[PDB]
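*Asks:* So for the sequence shown, the authors' numbering puts the first residue at 42; every next one is plus one.
We treat Cβ as the ideally placed atom computed from N, Cα and C, and that holds for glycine.
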Amino acid sequence: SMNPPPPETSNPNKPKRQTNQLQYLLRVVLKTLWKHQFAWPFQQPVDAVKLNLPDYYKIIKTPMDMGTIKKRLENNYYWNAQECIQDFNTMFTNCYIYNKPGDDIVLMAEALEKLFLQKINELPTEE
Ligand SMILES: COC(=O)C[C@@H]1N=C(c2ccc(Cl)cc2)c2c(sc(C)c2C)-n2c(C)nnc21
Numbered sequence: 042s043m044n045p046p047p048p049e050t051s052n053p054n055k056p057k058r059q060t061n062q063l064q065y066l067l068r069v070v071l072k073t074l075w076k077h078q079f080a081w082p083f084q085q086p087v088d089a090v091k092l093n094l095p096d097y098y099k100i101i102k103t104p105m106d107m108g109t110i111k112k113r114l115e116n117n118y119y120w121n122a123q124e125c126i127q128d129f130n131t132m133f134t135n136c137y138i139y140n141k142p143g144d145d146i147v148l149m150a151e152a153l154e155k156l157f158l159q160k161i162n163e164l165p166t167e168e
């Protein structure tokens, strides 16, 4: 069994910038979710080998995790807030696509996703 390579977190070909909205995504949004008691499954890519999930990367073709998002934000990988918000959404959606309603991991993602929506609701206007 093998895991795919993780999503990239550095690419000199990719346009990027800092924006006050990206700063909020790191300092408020990512920091809030990262410290949550249910963050830990989401702090790195799914290890389909150790977890014995050989079908994971057949069903989830756009993997994403908060370890990758945190690196992307600390490395200033994004051009805009929407790119980063779409990474969070891909992470939650992947969890709901692979798992069953009411599974623990789905309750975990729902708790993180509730906080994420409450914080993104107050994304600042772009300076
Ligand atoms: C049988 O299905 C699973 O094991 C799916 C797996 N559940 C789990 C999981 C995580 C937490 C609990 Cl309480 C139960 C299952 C999982 C991860 S990553 C990781 C380190 C684990 C242990 N996960 C994510 C993220 N998305 N799906 C999963």
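#1: Taking only the alpha-carbon atoms, compute the straight-line gap between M43 and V90 and give it to the nearest angstrom.
#2: Of the residues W120, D96 and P95, which one's Cα is nearest the Cα of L66?
#3: Keeping to the same chain, check which residues put their C-beta closer than 8 Å to that of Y137; ignore five residues upstream and five downstream.
#4: Could you check how far apart the C-beta atoms of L156 and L63 are, in whole angstroms? I think they sit under 8 Å.
#5: Closest to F129 by CA distance: which of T166, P53 and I110 is it?
#6: Mapping DSSP to helix, strand and coil, what is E154?
#7: Enumerate in chain order the residues of its own chain whose CB-to-CB distance from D88 is below 7 Å, with the five nearest sequence positions on each side excluded.
#8: What residue does the alpha helix (DSSP H) around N130 start on, and which one ends it?
#9: Using beta-carbon positions only, say whether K57 and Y118 come within less than 8 Å of one another.
#10: So, is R113 buried or exposed, given that buried needs 16 or more other C-beta atoms within 10 angstroms?
#11: Using a threshold of 7 Å, is the CB atom of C125 nearer than that to any non-hydrogen atom of ligand 1?
#12: Please determine whether the Cβ atom of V90 lies at a distance below 7 Å from any heavy atom of ligand 1.
*Replies:* Reading off the structure:
#1: Each residue's CA atom was taken as its position, placing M43 and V90 some 6 Å apart.
#2: Closest option to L66, Cα to Cα, is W120.
#3: Contacts found: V147 and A150.
#4: With a beta-carbon spacing of about 18 Å, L156 and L63 fall beyond the 8 Å limit used to define contacts.
#5: Closest option to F129, judged by alpha-carbon separation, among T166, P53 and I110: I110.
#6: Note: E154 maps to helix in three-state DSSP.
#7: Sequence-distant Cβ neighbours of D88 in its own chain, meaning closer than 7 Å and more than five residues away, are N44.
#8: Boundaries of the alpha helix (DSSP H) around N130: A122 to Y139.
#9: Using a Cβ distance threshold of 8 Å, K57 and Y118 count as a contacting pair.
#10: Classification for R113: buried.
#11: When distances are taken from the beta-carbon of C125 to the heavy atoms of ligand 1, even the shortest one reaches 7 Å or more.
#12: Result no, Cβ not under 7 Å from ligand 1.
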